[PDB]
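Novice: Just so it is clear, I am handing over final.pdb, which has PDB, C-alpha atoms and all ligand atoms.
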```pdb
MODEL        1
ATOM      1  CA  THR Q   7       3.067 -38.449  25.250  1.00  0.00           C
ATOM      2  CA  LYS Q   8       6.710 -38.629  24.059  1.00  0.00           C
ATOM      3  CA  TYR Q   9       8.771 -37.294  21.167  1.00  0.00           C
ATOM      4  CA  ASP Q  10      12.046 -38.974  20.307  1.00  0.00           C
ATOM      5  CA  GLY Q  11      12.110 -40.862  23.591  1.00  0.00           C
ATOM      6  CA  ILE Q  12      11.457 -37.827  25.845  1.00  0.00           C
ATOM      7  CA  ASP Q  13       8.290 -36.917  27.756  1.00  0.00           C
ATOM      8  CA  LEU Q  14       6.616 -34.148  25.774  1.00  0.00           C
ATOM      9  CA  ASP Q  15       6.022 -32.204  28.965  1.00  0.00           C
ATOM     10  CA  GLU Q  16       9.763 -32.162  29.681  1.00  0.00           C
ATOM     11  CA  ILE Q  17      10.523 -31.023  26.118  1.00  0.00           C
ATOM     12  CA  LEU Q  18       8.040 -28.190  26.353  1.00  0.00           C
ATOM     13  CA  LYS Q  19       9.341 -26.958  29.762  1.00  0.00           C
ATOM     14  CA  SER Q  20      13.004 -26.909  28.625  1.00  0.00           C
ATOM     15  CA  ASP Q  21      14.237 -24.218  26.246  1.00  0.00           C
ATOM     16  CA  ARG Q  22      17.142 -26.501  25.381  1.00  0.00           C
ATOM     17  CA  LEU Q  23      14.809 -29.336  24.377  1.00  0.00           C
ATOM     18  CA  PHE Q  24      12.024 -27.239  22.874  1.00  0.00           C
ATOM     19  CA  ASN Q  25      14.293 -25.057  20.740  1.00  0.00           C
ATOM     20  CA  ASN Q  26      15.410 -28.089  18.733  1.00  0.00           C
ATOM     21  CA  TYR Q  27      11.772 -28.682  17.756  1.00  0.00           C
ATOM     22  CA  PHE Q  28      11.062 -24.968  17.270  1.00  0.00           C
ATOM     23  CA  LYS Q  29      14.029 -24.632  14.953  1.00  0.00           C
ATOM     24  CA  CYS Q  30      12.961 -27.788  13.069  1.00  0.00           C
ATOM     25  CA  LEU Q  31       9.512 -26.291  12.523  1.00  0.00           C
ATOM     26  CA  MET Q  32      10.948 -22.984  11.365  1.00  0.00           C
ATOM     27  CA  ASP Q  33      13.436 -24.593   8.928  1.00  0.00           C
ATOM     28  CA  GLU Q  34      16.250 -23.249  11.127  1.00  0.00           C
ATOM     29  CA  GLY Q  35      17.636 -26.631  12.178  1.00  0.00           C
ATOM     30  CA  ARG Q  36      17.546 -30.326  11.479  1.00  0.00           C
ATOM     31  CA  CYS Q  37      14.466 -32.256  12.536  1.00  0.00           C
ATOM     32  CA  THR Q  38      14.364 -35.284  14.783  1.00  0.00           C
ATOM     33  CA  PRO Q  39      12.075 -38.079  13.524  1.00  0.00           C
ATOM     34  CA  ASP Q  40       9.094 -36.917  15.633  1.00  0.00           C
ATOM     35  CA  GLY Q  41       9.961 -33.286  14.962  1.00  0.00           C
ATOM     36  CA  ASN Q  42       9.588 -34.073  11.298  1.00  0.00           C
ATOM     37  CA  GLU Q  43       6.323 -35.854  11.899  1.00  0.00           C
ATOM     38  CA  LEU Q  44       5.028 -32.877  13.842  1.00  0.00           C
ATOM     39  CA  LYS Q  45       6.006 -30.594  10.957  1.00  0.00           C
ATOM     40  CA  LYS Q  46       4.112 -32.703   8.466  1.00  0.00           C
ATOM     41  CA  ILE Q  47       0.881 -32.662  10.478  1.00  0.00           C
ATOM     42  CA  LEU Q  48       1.014 -29.212  12.068  1.00  0.00           C
ATOM     43  CA  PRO Q  49      -0.958 -27.401   9.324  1.00  0.00           C
ATOM     44  CA  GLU Q  50      -3.720 -30.000   9.691  1.00  0.00           C
ATOM     45  CA  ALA Q  51      -3.419 -29.864  13.504  1.00  0.00           C
ATOM     46  CA  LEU Q  52      -4.040 -26.103  13.540  1.00  0.00           C
ATOM     47  CA  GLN Q  53      -6.389 -25.685  10.547  1.00  0.00           C
ATOM     48  CA  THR Q  54      -8.588 -28.814  10.768  1.00  0.00           C
ATOM     49  CA  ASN Q  55      -8.068 -29.895  14.390  1.00  0.00           C
ATOM     50  CA  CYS Q  56      -6.013 -32.830  13.063  1.00  0.00           C
ATOM     51  CA  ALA Q  57      -8.943 -34.329  11.176  1.00  0.00           C
ATOM     52  CA  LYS Q  58      -6.810 -36.894   9.338  1.00  0.00           C
ATOM     53  CA  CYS Q  59      -4.090 -37.506  11.923  1.00  0.00           C
ATOM     54  CA  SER Q  60      -3.773 -40.572  14.120  1.00  0.00           C
ATOM     55  CA  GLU Q  61      -4.536 -40.530  17.842  1.00  0.00           C
ATOM     56  CA  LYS Q  62      -0.830 -40.471  18.697  1.00  0.00           C
ATOM     57  CA  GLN Q  63      -0.239 -37.586  16.269  1.00  0.00           C
ATOM     58  CA  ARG Q  64      -3.244 -35.605  17.486  1.00  0.00           C
ATOM     59  CA  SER Q  65      -2.472 -35.993  21.187  1.00  0.00           C
ATOM     60  CA  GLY Q  66       1.105 -34.810  20.724  1.00  0.00           C
ATOM     61  CA  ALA Q  67       0.305 -31.890  18.497  1.00  0.00           C
ATOM     62  CA  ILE Q  68      -2.530 -30.528  20.619  1.00  0.00           C
ATOM     63  CA  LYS Q  69      -0.349 -30.715  23.739  1.00  0.00           C
ATOM     64  CA  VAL Q  70       2.462 -28.795  21.998  1.00  0.00           C
ATOM     65  CA  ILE Q  71       0.133 -26.168  20.494  1.00  0.00           C
ATOM     66  CA  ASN Q  72      -1.686 -25.366  23.706  1.00  0.00           C
ATOM     67  CA  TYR Q  73       1.459 -25.203  25.859  1.00  0.00           C
ATOM     68  CA  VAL Q  74       3.005 -22.901  23.260  1.00  0.00           C
ATOM     69  CA  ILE Q  75      -0.018 -20.555  23.065  1.00  0.00           C
ATOM     70  CA  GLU Q  76      -0.015 -20.281  26.857  1.00  0.00           C
ATOM     71  CA  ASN Q  77       3.674 -20.169  27.801  1.00  0.00           C
ATOM     72  CA  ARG Q  78       5.899 -19.707  24.680  1.00  0.00           C
ATOM     73  CA  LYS Q  79       4.194 -16.707  23.213  1.00  0.00           C
ATOM     74  CA  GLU Q  80       6.898 -15.385  20.875  1.00  0.00           C
ATOM     75  CA  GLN Q  81       7.346 -18.877  19.455  1.00  0.00           C
ATOM     76  CA  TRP Q  82       3.590 -19.201  19.095  1.00  0.00           C
ATOM     77  CA  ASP Q  83       3.436 -16.015  17.016  1.00  0.00           C
ATOM     78  CA  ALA Q  84       6.088 -17.453  14.641  1.00  0.00           C
ATOM     79  CA  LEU Q  85       4.447 -20.874  14.371  1.00  0.00           C
ATOM     80  CA  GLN Q  86       1.001 -19.372  13.907  1.00  0.00           C
ATOM     81  CA  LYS Q  87       2.183 -17.068  11.122  1.00  0.00           C
ATOM     82  CA  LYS Q  88       3.785 -19.961   9.215  1.00  0.00           C
ATOM     83  CA  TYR Q  89       1.459 -22.886   9.849  1.00  0.00           C
ATOM     84  CA  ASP Q  90      -1.927 -21.217  10.555  1.00  0.00           C
ATOM     85  CA  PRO Q  91      -1.958 -17.753   8.918  1.00  0.00           C
ATOM     86  CA  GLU Q  92      -5.725 -17.502   9.129  1.00  0.00           C
ATOM     87  CA  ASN Q  93      -5.615 -18.184  12.912  1.00  0.00           C
ATOM     88  CA  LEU Q  94      -8.101 -21.048  12.548  1.00  0.00           C
ATOM     89  CA  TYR Q  95      -6.931 -22.962  15.601  1.00  0.00           C
ATOM     90  CA  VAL Q  96      -7.502 -20.102  18.021  1.00  0.00           C
ATOM     91  CA  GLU Q  97     -10.796 -19.084  16.396  1.00  0.00           C
ATOM     92  CA  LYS Q  98     -12.276 -22.542  15.808  1.00  0.00           C
ATOM     93  CA  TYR Q  99     -10.723 -25.182  18.044  1.00  0.00           C
ATOM     94  CA  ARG Q 100      -9.003 -23.740  21.122  1.00  0.00           C
TER      95      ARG Q 100
HETATM   96 CL    CL Q 201      10.270 -42.111  17.887  1.00  0.00          CL
HETATM   97 CL    CL Q 202       8.822 -41.446  21.320  1.00  0.00          CL
ENDMDL
END
```
Show this structure as structure tokens.
Specialist:
Amino acid sequence: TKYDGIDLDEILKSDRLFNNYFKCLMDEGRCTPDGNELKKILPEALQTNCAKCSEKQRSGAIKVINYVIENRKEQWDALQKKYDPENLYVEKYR
């Protein structure tokens, strides 16, 4: 439920907090430790429904992904194009 010591829900609801992670994912800024872990698992999160991830990993990633699809739509388009070009998460797992 937390990334880098902050409640994930507070990160997602704050442009200031979320943009650090967004930029990390888009190779536009340095990653925090959990930002980096998210980056490593995000292709598997979207394309396989985090088949090989841990429970902690899966919970965090699915929370981020679904908040982003619902309420950060421009950032979703960018993340989807890079990490899930075939749109498997929306078509298979959402
Ligand atoms: Cl941590
Ligand atoms: Cl943490």
Novice: Let me see if you get this right: every residue at most 7 Å from ligand CL 202 (chain Q), counting all atoms listed in the file, written as a list in words.
Specialist: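 Written in the requested form, the residues are residues 8, 9, 10, 11 and 12 of chain Q.
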Novice: Counting all atoms listed in the file, what is within 12 Å of residue 14 of chain Q, bar same-chain residues fewer than 5 positions away, as JSON, numbers by chain?
Specialist: {"Q": [7, 8, 9, 19, 20, 23, 24, 27, 40, 41, 65, 66, 67, 68, 69, 70, 71, 73]}
Novice: So, with only C-alpha atoms and all ligand atoms as the atoms that count, which of Q:37, Q:96, Q:75, Q:57 lies closest to ligand CL 201 (chain Q)?
Specialist: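 The shortest atom-to-atom distance to ligand CL 201 (chain Q) comes from Q:37.
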Novice: Considering only C-alpha atoms, return as a VMD selection string whatever protein or nucleic-acid residues lie within 8 Å of residue 74 of chain Q, sequence-local ones (same chain, fewer than 6 positions apart) excluded.
Specialist: chain Q and resid 18 81 to 82
Novice: Could you write out that same residue set with C-alpha atoms as a compact mmCIF listing (two decimals), in the frame of the given file?
Specialist:
```txt
# COMPACT_ATOMS: atom_id res chain seq x y z
CA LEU Q 18 8.04 -28.19 26.35
CA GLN Q 81 7.35 -18.88 19.45
CA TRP Q 82 3.59 -19.20 19.10
```
Novice: Between Q:51, Q:21, Q:85, Q:63, which one has atoms that come closest to residue 98 of chain Q, using only C-alpha atoms?
Specialist: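 When distances to residue 98 of chain Q are compared using only C-alpha atoms, the smallest one comes from Q:51.
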Novice: Using all atoms listed in the file, which protein or nucleic acid residues come within 10 Å of residue 92 of chain Q? Drop anything in the same chain fewer than 5 positions from it, and give the result as a PDB file with C-alpha atoms, in the frame of the given file.
Specialist:
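Writing the result to out-v4.pdb gives the following:
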```pdb
ATOM      1  CA  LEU Q  52      -4.040 -26.103  13.540  1.00  0.00           C
ATOM      2  CA  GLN Q  53      -6.389 -25.685  10.547  1.00  0.00           C
ATOM      3  CA  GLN Q  86       1.001 -19.372  13.907  1.00  0.00           C
ATOM      4  CA  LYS Q  87       2.183 -17.068  11.122  1.00  0.00           C
ATOM      5  CA  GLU Q  97     -10.796 -19.084  16.396  1.00  0.00           C
TER       6      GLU Q  97
END
```
Novice: Which residue out of Q:62, Q:22, Q:36, Q:100 has the minimum interatomic distance to ligand CL 201 (chain Q) when only C-alpha atoms and all ligand atoms are used?
Specialist: Q:62
